[PDB]
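Participant: Return a 3D structure for these sequence lines:
(chains A and B)
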Amino acid sequence: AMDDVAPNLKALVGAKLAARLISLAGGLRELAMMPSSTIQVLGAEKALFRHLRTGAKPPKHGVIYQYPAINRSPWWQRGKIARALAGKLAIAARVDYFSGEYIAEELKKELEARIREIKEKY
RNA sequence: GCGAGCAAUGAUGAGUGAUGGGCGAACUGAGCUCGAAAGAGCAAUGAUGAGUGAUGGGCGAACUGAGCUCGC
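Facilitator: Numbering: from 1, shown residues only, chains lettered A, B, ... in the order given. Find the structure here:
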(Lines give C-alpha, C1' and ligand atoms only; values in the text may rest on other atoms or scores of the structure.)
Protein backbone atom coordinates (compact mmCIF):
# COMPACT_ATOMS: atom_id res chain seq x y z
CA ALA A 1 0.00 0.00 0.00
CA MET A 2 2.99 2.36 0.56
CA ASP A 3 3.63 2.34 -3.28
CA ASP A 4 0.22 4.07 -4.20
CA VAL A 5 1.03 7.76 -3.44
CA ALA A 6 -0.03 10.74 -5.64
CA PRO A 7 -0.92 14.52 -5.78
CA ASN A 8 -4.58 15.72 -5.69
CA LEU A 9 -4.75 18.35 -8.54
CA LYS A 10 -3.70 15.61 -11.07
CA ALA A 11 -6.90 13.66 -10.14
CA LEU A 12 -9.41 16.56 -9.60
CA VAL A 13 -8.65 18.37 -12.96
CA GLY A 14 -5.38 16.99 -14.49
CA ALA A 15 -2.20 18.54 -15.95
CA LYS A 16 -3.75 20.83 -18.70
CA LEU A 17 -5.46 22.89 -15.94
CA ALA A 18 -3.26 22.09 -12.86
CA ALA A 19 0.06 23.24 -14.48
CA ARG A 20 -1.78 26.29 -15.97
CA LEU A 21 -3.10 27.44 -12.55
CA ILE A 22 0.44 26.95 -11.08
CA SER A 23 2.01 28.97 -13.97
CA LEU A 24 -0.63 31.80 -13.83
CA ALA A 25 -0.11 32.13 -10.04
CA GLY A 26 3.69 32.03 -10.84
CA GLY A 27 4.08 28.97 -8.50
CA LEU A 28 2.33 26.33 -6.32
CA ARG A 29 2.94 28.27 -3.03
CA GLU A 30 1.33 31.30 -4.66
CA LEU A 31 -1.66 29.26 -6.01
CA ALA A 32 -2.15 27.83 -2.47
CA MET A 33 -2.07 31.44 -1.06
CA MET A 34 -4.84 32.54 -3.55
CA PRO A 35 -8.65 32.81 -2.96
CA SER A 36 -11.32 30.90 -4.97
CA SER A 37 -12.57 34.32 -6.31
CA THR A 38 -9.12 34.82 -7.95
CA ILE A 39 -8.48 31.12 -8.92
CA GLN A 40 -11.79 31.47 -10.90
CA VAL A 41 -10.12 34.16 -13.13
CA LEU A 42 -6.43 33.10 -13.30
CA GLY A 43 -5.58 33.11 -17.03
CA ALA A 44 -8.54 35.35 -18.00
CA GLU A 45 -5.65 37.58 -19.31
CA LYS A 46 -7.05 40.51 -21.47
CA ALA A 47 -10.41 40.17 -19.58
CA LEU A 48 -8.90 40.69 -16.07
CA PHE A 49 -6.56 43.45 -17.37
CA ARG A 50 -9.45 45.57 -18.82
CA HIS A 51 -11.83 44.81 -15.91
CA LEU A 52 -9.15 46.78 -13.96
CA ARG A 53 -7.73 49.47 -16.37
CA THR A 54 -11.02 50.50 -18.11
CA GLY A 55 -13.52 49.23 -15.45
CA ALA A 56 -14.95 46.70 -17.99
CA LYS A 57 -17.17 43.55 -17.61
CA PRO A 58 -15.94 41.29 -14.70
CA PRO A 59 -14.39 38.01 -16.08
CA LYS A 60 -16.83 35.08 -15.48
CA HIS A 61 -13.98 32.50 -15.77
CA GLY A 62 -10.27 32.26 -16.74
CA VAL A 63 -8.22 29.17 -17.83
CA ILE A 64 -10.79 26.91 -16.03
CA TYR A 65 -13.08 27.48 -19.13
CA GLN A 66 -12.18 24.10 -20.79
CA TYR A 67 -13.38 22.16 -17.66
CA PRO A 68 -15.71 19.07 -18.36
CA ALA A 69 -18.89 21.17 -17.57
CA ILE A 70 -18.15 24.81 -18.79
CA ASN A 71 -17.19 25.15 -22.55
CA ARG A 72 -19.86 22.44 -23.39
CA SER A 73 -23.03 23.51 -21.45
CA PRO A 74 -25.89 26.17 -21.29
CA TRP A 75 -25.05 29.75 -20.08
CA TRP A 76 -27.23 29.23 -16.93
CA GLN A 77 -24.77 26.52 -15.74
CA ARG A 78 -21.46 28.12 -17.05
CA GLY A 79 -21.41 30.95 -14.42
CA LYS A 80 -22.45 28.83 -11.38
CA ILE A 81 -19.98 25.95 -12.03
CA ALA A 82 -17.00 28.37 -12.50
CA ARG A 83 -16.89 29.67 -8.85
CA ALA A 84 -17.85 26.28 -7.29
CA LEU A 85 -14.94 24.67 -9.26
CA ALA A 86 -12.61 27.50 -8.07
CA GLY A 87 -13.68 26.83 -4.42
CA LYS A 88 -12.81 23.09 -4.63
CA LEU A 89 -9.53 23.98 -6.47
CA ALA A 90 -8.55 26.47 -3.69
CA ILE A 91 -8.89 23.54 -1.20
CA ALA A 92 -6.95 21.13 -3.52
CA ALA A 93 -3.98 23.53 -4.10
CA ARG A 94 -3.61 24.11 -0.30
CA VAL A 95 -3.66 20.31 0.31
CA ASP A 96 -0.96 19.63 -2.38
CA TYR A 97 1.37 22.44 -1.10
CA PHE A 98 1.01 22.41 2.74
CA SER A 99 0.59 18.64 3.49
CA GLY A 100 0.75 16.57 0.23
CA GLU A 101 -1.79 14.01 1.62
CA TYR A 102 -4.33 12.39 -0.79
CA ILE A 103 -8.13 13.02 -0.52
CA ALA A 104 -9.02 13.85 -4.16
CA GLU A 105 -11.84 11.24 -4.65
CA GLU A 106 -13.84 13.13 -1.94
CA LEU A 107 -13.01 16.50 -3.61
CA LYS A 108 -14.36 14.82 -6.82
CA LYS A 109 -17.50 13.48 -5.00
CA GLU A 110 -18.28 17.00 -3.63
CA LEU A 111 -17.92 18.46 -7.19
CA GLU A 112 -20.17 15.66 -8.54
CA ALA A 113 -22.68 16.54 -5.74
CA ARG A 114 -22.60 20.39 -6.26
CA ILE A 115 -22.99 19.89 -10.06
CA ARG A 116 -25.91 17.41 -9.40
CA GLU A 117 -27.39 20.20 -7.16
CA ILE A 118 -26.88 22.67 -10.10
CA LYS A 119 -28.81 19.99 -12.15
CA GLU A 120 -31.81 19.69 -9.76
CA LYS A 121 -31.78 23.57 -9.63
CA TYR A 122 -31.20 24.27 -13.41
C1' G B 1 -1.51 106.28 -30.01
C1' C B 2 -0.12 106.12 -35.11
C1' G B 3 2.42 104.20 -38.64
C1' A B 4 5.48 100.08 -40.73
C1' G B 5 6.56 94.66 -42.65
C1' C B 6 4.51 89.85 -44.55
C1' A B 7 0.26 87.18 -46.78
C1' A B 8 -5.08 83.44 -50.53
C1' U B 9 1.27 81.68 -55.43
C1' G B 10 -1.44 80.72 -47.98
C1' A B 11 -1.37 84.35 -42.05
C1' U B 12 -2.99 81.67 -37.46
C1' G B 13 -3.23 77.46 -33.79
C1' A B 14 0.05 73.58 -31.19
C1' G B 15 5.83 69.90 -26.89
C1' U B 16 2.18 67.02 -27.66
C1' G B 17 0.01 62.32 -29.45
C1' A B 18 -0.62 57.01 -31.63
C1' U B 19 -0.94 51.29 -31.76
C1' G B 20 0.16 46.86 -28.85
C1' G B 21 0.92 43.59 -23.25
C1' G B 22 0.40 43.00 -17.83
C1' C B 23 -0.17 45.06 -12.55
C1' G B 24 -2.36 48.23 -8.79
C1' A B 25 -7.13 51.53 -6.03
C1' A B 26 -9.70 45.36 -0.50
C1' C B 27 -14.54 41.08 -7.39
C1' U B 28 -20.03 40.52 -5.38
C1' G B 29 -20.12 37.75 -0.33
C1' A B 30 -25.54 35.42 0.42
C1' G B 31 -28.49 33.93 -1.41
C1' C B 32 -30.62 29.95 -4.52
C1' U B 33 -33.95 25.96 -6.10
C1' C B 34 -38.01 22.40 -5.56
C1' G B 35 -42.97 22.47 -3.10
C1' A B 36 -50.34 23.92 -2.63
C1' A B 37 -47.79 25.71 1.77
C1' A B 38 -45.61 25.38 6.65
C1' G B 39 -41.52 22.99 4.67
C1' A B 40 -36.86 20.69 2.45
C1' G B 41 -32.09 20.37 0.10
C1' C B 42 -27.59 23.15 -1.38
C1' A B 43 -24.25 27.29 0.53
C1' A B 44 -18.79 31.64 3.71
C1' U B 45 -14.48 24.64 2.96
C1' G B 46 -18.38 30.11 -1.42
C1' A B 47 -25.40 30.90 -2.92
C1' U B 48 -26.11 34.53 -6.62
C1' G B 49 -24.47 38.01 -9.99
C1' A B 50 -20.29 39.03 -14.01
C1' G B 51 -19.57 34.88 -20.85
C1' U B 52 -18.39 34.29 -25.92
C1' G B 53 -20.74 34.28 -30.63
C1' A B 54 -24.95 35.92 -33.30
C1' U B 55 -30.18 38.63 -34.40
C1' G B 56 -33.33 43.28 -34.15
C1' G B 57 -34.66 48.54 -32.77
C1' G B 58 -32.74 53.24 -31.17
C1' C B 59 -28.94 57.38 -29.98
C1' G B 60 -24.60 60.67 -31.15
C1' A B 61 -20.09 62.91 -33.19
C1' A B 62 -15.83 68.15 -33.80
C1' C B 63 -9.66 71.81 -39.41
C1' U B 64 -9.62 77.10 -39.55
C1' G B 65 -8.61 80.45 -44.36
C1' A B 66 -6.30 85.56 -42.21
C1' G B 67 -4.42 86.82 -39.22
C1' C B 68 0.64 87.08 -37.45
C1' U B 69 4.94 90.55 -36.27
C1' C B 70 7.54 95.58 -34.85
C1' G B 71 9.27 100.77 -33.41
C1' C B 72 8.76 105.23 -30.17
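Participant: And what about the residue positioned nearest the centre of chain A, helix, strand or coil?
Facilitator: The residue lying closest to the centre of chain A (C-alpha atoms, centre = their mean) is residue A:86, at 3.7 Å. Secondary structure, DSSP: H, G, I helix; E, B strand; the rest coil: residue A:86 is helix.
Participant: Residue A:40 is in contact with that one, correct?
Facilitator: Yes - applying C-beta atoms under 8 Å, one finds residue A:86 in contact with residue A:40, separated by 3.7 Å. Where C-beta positions appear, they are placed from N, C-alpha and C, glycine not excepted.
Participant: what do those two both touch?
Facilitator: residue A:64 (C-beta atoms under 8 Å, 6 or more residues apart in numbering).
Participant: which residues touch stretch A:88-106?
Facilitator: Applying C-beta under 8 Å, 6+ apart, the external contacts of stretch A:88-106 come out as A:5-13, A:21, A:28-29, A:31-32, A:34-36, A:39, A:64, A:107, A:110-111, A:114.
Participant: Who are the contact partners of the residue nearest to the centre of chain A?
Facilitator: A:36, A:37, A:39, A:40, A:64.
Participant: Show the residue spans covered by the helices in chain A.
Facilitator: Secondary structure of chain A (DSSP state H): helices at A:9-12, A:15-24, A:28-32, A:36-39, A:46-53, A:75-98, A:104-121.
Participant: Burial check on the closest residue to residue A:20 other than its chain neighbours, number of neighbours?
Facilitator: Among residues not flanking residue A:20 along the chain, residue A:63 sits closest, at 4.7 Å (C-beta to C-beta, 6 or more residues apart in numbering). Using other C-beta atoms under 10 Å, residue A:63 has 18 neighbouring residues.
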